[PDB]
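Chemist: What follows is a single structure, and I will ask about it in a moment.
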Amino acid sequence: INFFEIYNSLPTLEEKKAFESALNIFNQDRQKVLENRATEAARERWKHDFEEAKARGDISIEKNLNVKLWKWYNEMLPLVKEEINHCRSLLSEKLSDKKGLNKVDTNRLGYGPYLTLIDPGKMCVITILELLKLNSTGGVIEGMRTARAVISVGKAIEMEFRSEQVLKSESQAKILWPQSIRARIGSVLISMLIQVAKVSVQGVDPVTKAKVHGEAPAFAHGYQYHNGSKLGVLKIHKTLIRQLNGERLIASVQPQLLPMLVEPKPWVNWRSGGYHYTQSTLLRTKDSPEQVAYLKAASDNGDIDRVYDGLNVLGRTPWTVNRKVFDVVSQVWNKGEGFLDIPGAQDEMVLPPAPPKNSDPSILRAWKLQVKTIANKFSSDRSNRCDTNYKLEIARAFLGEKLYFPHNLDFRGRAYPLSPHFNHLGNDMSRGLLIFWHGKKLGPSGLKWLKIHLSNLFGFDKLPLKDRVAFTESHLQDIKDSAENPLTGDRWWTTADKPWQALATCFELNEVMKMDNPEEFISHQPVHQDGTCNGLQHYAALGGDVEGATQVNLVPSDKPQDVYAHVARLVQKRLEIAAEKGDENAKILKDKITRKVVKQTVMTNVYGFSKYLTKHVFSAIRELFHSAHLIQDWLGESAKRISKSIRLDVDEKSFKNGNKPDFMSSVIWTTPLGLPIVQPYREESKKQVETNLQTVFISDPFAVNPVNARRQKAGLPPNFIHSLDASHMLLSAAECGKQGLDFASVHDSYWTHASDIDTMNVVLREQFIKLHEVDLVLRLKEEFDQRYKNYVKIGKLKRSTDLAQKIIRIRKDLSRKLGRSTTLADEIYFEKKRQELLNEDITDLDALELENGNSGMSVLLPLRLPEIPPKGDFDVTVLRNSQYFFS
Amino acid sequence: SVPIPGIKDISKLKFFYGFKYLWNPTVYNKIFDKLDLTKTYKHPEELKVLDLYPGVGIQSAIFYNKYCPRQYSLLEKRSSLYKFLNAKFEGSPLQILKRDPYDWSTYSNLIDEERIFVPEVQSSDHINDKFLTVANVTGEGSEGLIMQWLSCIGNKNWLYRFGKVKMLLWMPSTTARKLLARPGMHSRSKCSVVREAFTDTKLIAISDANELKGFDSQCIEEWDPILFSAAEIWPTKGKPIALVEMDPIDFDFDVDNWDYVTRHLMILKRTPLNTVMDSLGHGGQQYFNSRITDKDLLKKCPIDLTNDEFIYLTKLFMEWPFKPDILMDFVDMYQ
DNA sequence: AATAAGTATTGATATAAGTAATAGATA
DNA sequence: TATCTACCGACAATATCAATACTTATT
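If you're matching them up, the sequences are chains A and B in order. The first sequence maps to residues 386 to 558, 589 to 1023, 1050 to 1280, 1301 to 1314, 1318 to 1351 in the authors' numbering. Position 151, counted from 1, in the second sequence is what the authors' numbering calls 152; the numbers after and before it change by one each time, with no gaps.
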């Protein structure tokens, strides 16, 4: 039934609370079923399908794939348990000797203990599922890359074993397998799957043209040369591709992480929260061990409580699928033609007629490129259509009930929903489908905010609020037509920038228009409020810029000012002068330049035949926000210095070259909320690990790796700004959740009810103050000075000298007794560590004096971070009145 | 009588992009005696030569003074080399053109649009006796050019649309060892299979005596290549160079399916055919086992296969009812 | 007590085949 | 001073083969 309709039906709030209380109890059991593990759900579902189909009979229907999968599982299980038996037959031999030099000596003795840890049927289901998920990935046309597949299967087995161990440990009340064991285990299992998976295929012989049928392996392991360097691939048979890119794919491969039906478990520590039964970490990224190490230490201290407050308010907001929009999208989906973003069902790719072989090489090269383009588009549309169908299936399942999205953080700290497939942070259609479960009376303000919301969706957000309301009023007849006849009518909503969301709001507004008193109407539609380029607002606040702040609406103004338009105007003038100069690049491209190109280049800059545009846009933004440019320079310089620094304690004789120490220090800083941020830009070193199928070129994440200085320097400014954005979001989320608002954030925008926007707006401004009343660049420099105190930097001798305390610091010559000066002992010790010319002891100390009187030599400076740039004067507290700060 | 540039002139040229040019006229006399070009070009007074990458232009002057053709077109783009060639061969019957040999358009524009150099199309039974092409592709990085030009012989679309045009190619000794490798040797790869299927190729001269240990001993006996020192290559730094006479031959297989089969078999050039035929398609080994009635061929690694066995395997591949699509073999990187 | 042998391991090179991309100071 | 030359990072993977270190099998 439709729970949402029953909830809306109830007249009184006390009755609604009683019904919801009953609903939580009734939904607890269903939630437990939802959190069922993949191995159990997949095996039970396809086995049931096969058993039922056998009685019904054999046909190529919606469950045909499930029947095939159960057959493959049943005829692959004996292979794997025979492998386990043959592993135990020599694992109890206890004698490692001159045995079969390949099949049992090093290979089977290595992964022998790792196959036993988990029951065989689980491994079979895991390999089948993990190969089905990887269809059309990694660049392969209808398959996957073998390295990714072997690692995915081995890692899924590792995760299933460790989940079993966690469950056993809660019930009774290697650690992390190396990459080599993951690769070997995955390759061993997929080999058996390759050699039992058969599909029946048809074909017309060329010699006789007789339509002949026969069995063929469903998977094949081959290679492909890309740019002159082979990569091993696993191709999937086209007979199976027809069913992988099919409407019933969700039946075969169900989604383990779906929106929960019960309120998410509150986050109380880094490792506990979110799903009631499934156990999830507080960081989406698991590749970097250092980030998790710091996160664990911070969680242990308990200084991230504010991060939890924000995540728990973000997670405790109940949503519900928009049935009205769902029907329209379902109709369009069934129609099969290509809609605004839907590609449209295509049977097979159509290639242009091949040119004659005798044609000159350029013609053939062009044809090959065109074939590549057509194939890429076809694979793109198939992927998009499959993703859309999967999302609509999840939406259809959860149509009646209330669903919650638990959130996680990335290394920067941005919050992302735990359920990846269907969430409000996806594409326009996904956002259109979801609406807030709680309905709040619009009131006087809400009606205005709903109208301005529609105006914003249509792309007219530059104008003041009065103009936006005027636009909606002027288009009231169009709104009526769109809501009343979504597809049969003029489809005015389709012309909107965000058509699915525009349609949803059109439905809401149409309902409002039929009401004598609009304020009484209760709207579930979320209204999005956002600032124009949050990063610029932060750069202006940190810098204290006055000219820059005006463009980002920091200072109250009668008319809202958008940075994009101002920079576009300036860069337009810059191109105009460039064109007058005489370069034709500007002249040809002046007309093409539009607001979107500036919006994209500026967004990338602040968050990450023509080359004039990028330089000019950067120059214009730099001039517009000079303070921001100075801060960016300081951040980049600090990152570079930290990257070249070497820790005193970690330096020993372990280095491959005594005089060439590795750089293992990565920028680490603490968010105002206290979350630790560790830039994970290391230098990977890949190697060929040997597996059954091939030797895969994989890299070990446990292998400590020199830090990628270039990416560190290119990443401090954007990651610092992202950390500030996430801090502001989590602060405002905690506050709104305290005041009683349903707060949804999609990184750029903050969503709430139309009747709460005003309220939320206040909170937003306030929290911005509460974040920037303290000088953050200064606090960051102090934290850097503390964390990178006793480091030493390698320096060249081509530039000038900065200060006069280095010459005594490097030597550590002065007596250090009666005080703990083991740093002097330690610094000198490092020189001992550094391998100067010595067999004896004082030969590098007395040499630098000729450098201290200089002579070219790689010197050991002390790590000294620069002084923060001059902070322009701008009182951020004038923000309490800017009605266009966030809009 | 084109004036030949000596060692004095060609020492001032500072840039060569990595190309090495023999400058000894005596070695050129030995080479042009070994080739005996008047055996396949009966009337040299009517021959049209297209010299790609002429460089210092000594081979060109010697060729002209020895045979005196009807038109000698030097396609040299390099700035300093073009300057030298146009300051030394001014007024001489040579034709120095500033057009990039690498660019495909250069030939189309010159042969068809500008019509400055117009060869004679001839049948595909004998070597075109009115069109001879000379090239010095010696740069260590310009190895893909040789492979592309070999592919053109198979496709009959670049310059081999004028018949069987004979090419005189200077190339690194490692390239010549890749190409001239015989079944089972160490340097046997797909370039050698392409050479074997498309060309009849001889090693006319090599620039090192300790390089001939990488070629087939019987083939070294038949060819008898001229040996000269690195004291006659002008840029005296890089690897040795090797002259190769290349005459196209006839072939009657499907070049697309043969390209696929050969490229996918020579990946595992040490795996026996008992297990390397699954890299071709789904169920490839079952098919090629039920099909190959010579159960001994099934044991030879693709490095031991002659070209005729490769053509046999592509014939079996094209009869396969469930053969894959040889067009969708790329890696979709836009994905 | 010799003196050659083996293997376990790592580093190198070739692969395909339009050569992507920027400037850099200098001829 | 205005084109000439240099920056190989997607040889952003893998099979094969020669060279470098770790056990030995007789007298």
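We put the CB at the ideal spot given by N, CA and C, even for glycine.
How long is the line joining the alpha carbons of residue 1235(A) and residue 778(A), rounded to whole angstroms?
Modeler: Along the first sequence, read from residue 1 onward, the residue named residue 1235(A) stands at position 794. Along the first sequence, read from residue 1 onward, the residue named residue 778(A) stands at position 363. Those two C-alpha atoms are separated by around 54 Å.
Chemist: If we count the other Cβ atoms within 10 Å of its Cβ and call it buried at 16 or more, is residue 189(B) buried or exposed?
Modeler: By one-based count along the second sequence, residue 189(B) stands at place 188. Classification of residue 189(B): buried, given that the 10 Å Cβ count is 16 or more.
Chemist: Would the beta-carbon of residue 1154(A) fall within 9 Å of that of residue 1023(A)?
Modeler: On the first sequence, position 713 is the one that residue 1154(A) refers to. On the first sequence, position 608 is the one that residue 1023(A) refers to. Not in contact: residue 1154(A) and residue 1023(A) (Cβ atoms no closer than 9 Å).
Chemist: Based on DSSP bridge pairs, tell me the residues matched to residue 247(B).
Modeler: The residue given as residue 247(B) occupies position 246 in the second sequence. Residue 247(B) pairs with 168(B), 202(B).
Chemist: So, helix, strand or coil for residue 839(A), using DSSP?
Modeler: Translated into the one-based positions of the first sequence, residue 839(A) becomes position 424. Correct three-state label for residue 839(A): coil.
Chemist: By the three-class DSSP mapping on this structure, what secondary structure does residue 859(A) have?
Modeler: In the first sequence, counting from the first residue as 1, residue 859(A) sits at position 444. Correct three-state label for residue 859(A): helix.
Chemist: Assign residue 4(B) to buried or exposed, taking buried as 16 or more other Cβ atoms, counted over all protein chains shown, within 10 Å of its Cβ.
Modeler: For this step, residue 4(B) is matched to residue 3 along the second sequence. Residue 4(B) is exposed by the Cβ-count criterion.
Chemist: Residue 147(B) by DSSP, collapsed to three states: which one?
Modeler: Along the second sequence, one-based indexing puts residue 147(B) at 146. Three-state result, residue 147(B): helix.
Chemist: Quick check for students: name the residue ranges of the alpha helix (DSSP H) that lie wholly in the segment 890-974 of chain A, counting only runs of 4 or more.
Modeler: 891-899, 914-928, 949-958, 962-966
Chemist: Identify which residue in 1177(A), 594(A), 654(A), 693(A) has its Cα closest to the Cα of residue 617(A).
Modeler: As a first step, residue 617(A) must be located in the first sequence, where it is residue number 202. The shortest C-alpha separation from residue 617(A) is found at 654(A).
Chemist: Pick helix, strand or coil for residue 134(B), following the three-state DSSP scheme.
Modeler: For the purposes of this step, residue 134(B) is identified with residue 133 of the second sequence, where counting begins at 1. It is a strand residue.
Chemist: Would a check of beta-carbon distances place residue 634(A) closer than 9 Å to chain B?
Modeler: Here residue 634(A) corresponds to residue number 219 of the first sequence, with the count starting at 1. For residue 634(A), the answer is yes, since a Cβ of chain B falls inside 9 Å of its Cβ.
Chemist: Name the residues in the segment 272-303 of chain B whose C-beta lies less than 8 Å from a C-beta of chain A; which are they?
Modeler: 279, 280, 281, 282, 283, 284, 285
Chemist: Just to confirm, are residue 842(A) and residue 1348(A) a CB contact at a threshold of 9 Å?
Modeler: Residue numbering aside, residue 842(A) sits at position 427 when the first sequence is read from its first letter. Residue numbering aside, residue 1348(A) sits at position 884 when the first sequence is read from its first letter. Not in contact: residue 842(A) and residue 1348(A) (Cβ atoms no closer than 9 Å).
Chemist: Does the beta carbon of residue 147(B) sit closer than 9 Å to a beta carbon anywhere in chain A?
Modeler: On the second sequence, residue 147(B) is found 146 positions in, with the first residue counted as 1. Chain A, which has no Cβ nearer than 9 Å to the Cβ of residue 147(B), makes this no.
Chemist: Any C-beta of chain A sitting closer than 9 Å to the C-beta of residue 156(B)?
Modeler: Indexing the second sequence from 1 puts residue 156(B) at position 155. Interface residue, yes.
Chemist: Using only alpha-carbon positions, find the residue among 230(B), 192(B), 177(B) that is nearest to residue 148(B).
Modeler: Counted from its first residue, the second sequence places residue 148(B) at position 147. The candidate whose alpha carbon is nearest that of residue 148(B) is 192(B).
Chemist: Can you find the residues in the same chain that come closer than 8 Å, C-beta to C-beta, to residue 1136(A), ignoring five residues on each side of it along the sequence?
Modeler: Against the first sequence, residue 1136(A) aligns to sequence position 695. Excluding residues within five positions, the ones whose Cβ falls inside 8 Å are 1129, 1130.
Chemist: Among residues of its own chain, excluding the 5 on either side of residue 8(B), which ones have a beta-carbon nearer than 8 Å to its beta-carbon?
Modeler: Here residue 8(B) is taken as the residue at index 7 of the second sequence, counted from 1. Sequence-distant Cβ neighbours of residue 8(B) in its own chain, meaning closer than 8 Å and more than five residues away, are 24, 235.
Chemist: According to DSSP, is residue 548(A) part of a helix, a strand, or is it coil?
Modeler: Taking the first residue of the first sequence as position 1, residue 548(A) is located at position 163. Three-state DSSP puts residue 548(A) in a helix.
Chemist: Among 389(A), 1195(A), 1275(A), which residue has its Cα nearest to the Cα of residue 816(A)?
Modeler: For the purposes of this step, residue 816(A) is taken as the residue at position 401 of the first sequence. Among 389(A), 1195(A), 1275(A), the Cα nearest to that of residue 816(A) is on 389(A).
Chemist: Determine the direct distance from the alpha carbon of residue 1020(A) to that of residue 814(A), and round the result to whole angstroms.
Modeler: In the first sequence, residue 814(A) corresponds to position 399, counting from 1. In the first sequence, residue 1020(A) corresponds to position 605, counting from 1. Residue 814(A) and residue 1020(A): Cα-Cα distance of roughly 40 Å.
Chemist: Taking Cβ to Cβ, would you say residue 724(A) is nearer than 9 Å to residue 1174(A)?
Modeler: By 1-based counting over the first sequence, the position of residue 724(A) is 309. By 1-based counting over the first sequence, the position of residue 1174(A) is 733. Yes. Within cutoff.
Chemist: When you compare the segment 1113-1129 of chain A with the segment 712-723 of chain A, are there three or more beta-carbon pairs, one atom per stretch, that lie closer than 8 Å?
Modeler: yes
Chemist: Would residue 1338(A) be called buried (16 or more neighbouring beta carbons within 10 Å of its own) or exposed?
Modeler: Residue 1338(A) sits at position 874 when you count from the first residue of the first sequence. Buried is the label assigned to residue 1338(A), since at least 16 other Cβ atoms lie within 10 Å of its Cβ.
Chemist: I'd like to know whether the C-beta atoms of residue 531(A) and residue 462(A) end up nearer to each other than 9 Å.
Modeler: Residue 531(A) sits at position 146 when you count from the first residue of the first sequence. Residue 462(A) sits at position 77 when you count from the first residue of the first sequence. Not in contact: residue 531(A) and residue 462(A) (Cβ atoms no closer than 9 Å).
Chemist: Could you name each continuous alpha helix (DSSP H) segment of 4 residues or more that falls completely within the segment 770-831 of chain A, going from the start of the chain to the end?
Modeler: 776-812
Chemist: Out of 27(B), 119(B), 129(B), point me to the one whose CA is closest to residue 232(B)'s CA.
Modeler: The residue labelled residue 232(B) in the question sits at position 231 within the second sequence. The shortest C-alpha separation from residue 232(B) is found at 27(B).
Chemist: Determine, using beta carbons only, whether residue 630(A) comes closer than 9 Å to chain B.
Modeler: Counting from one through the first sequence, the residue named residue 630(A) turns up at place 215. At least one chain B Cβ lies under 9 Å of residue 630(A).
Chemist: Please confirm whether residue 777(A) has its beta-carbon closer than 9 Å to some beta-carbon of chain B.
Modeler: Taking the first sequence and counting its residues from 1, the one referred to as residue 777(A) is at position 362. Contacts with chain B at 9 Å (Cβ-Cβ) include residue 777(A).
Chemist: Please report whether the beta-carbon of residue 23(B) lies at a distance below 9 Å from any beta-carbon of chain A.
Modeler: Taking the second sequence and counting its residues from 1, the one referred to as residue 23(B) is at position 22. Closer than 9 Å: no.
Chemist: So residue 1088(A) packs on residue 1106(A), CB below 8 Å; how close in whole Å?
Modeler: For the purposes of this step, residue 1088(A) is taken as the residue at position 647 of the first sequence. For the purposes of this step, residue 1106(A) is taken as the residue at position 665 of the first sequence. Confirmed, Cβ separation roughly 6 Å.
Chemist: Leaving out five residues on either side along the sequence, give the residues of the same chain with a beta carbon under 6 Å from the beta carbon of residue 793(A).
Modeler: As a working note, residue 793(A) is residue 378 in the first sequence. Same-chain partners within the cutoff: 764.
Chemist: Does the Cβ-Cβ distance between residue 124(B) and residue 164(B) come in under 9 Å?
Modeler: Residue 124(B) sits at position 123 when you count from the first residue of the second sequence. Residue 164(B) sits at position 163 when you count from the first residue of the second sequence. Contact: yes.
Chemist: Starting from residue 1145(A), trace the alpha helix (DSSP H) both ways and give me its first and last residue.
Modeler: For this step, residue 1145(A) is matched to residue 704 along the first sequence. Following the DSSP letters along the chain, one finds residue 1145(A) in no alpha helix (DSSP H), marked with neither H nor E.
Chemist: Could you give the residue range of the beta strand (DSSP E) that holds residue 684(A)?
Modeler: Counting from one through the first sequence, the residue named residue 684(A) turns up at place 269. 680-684 is the extent of the beta strand (DSSP E) around residue 684(A).
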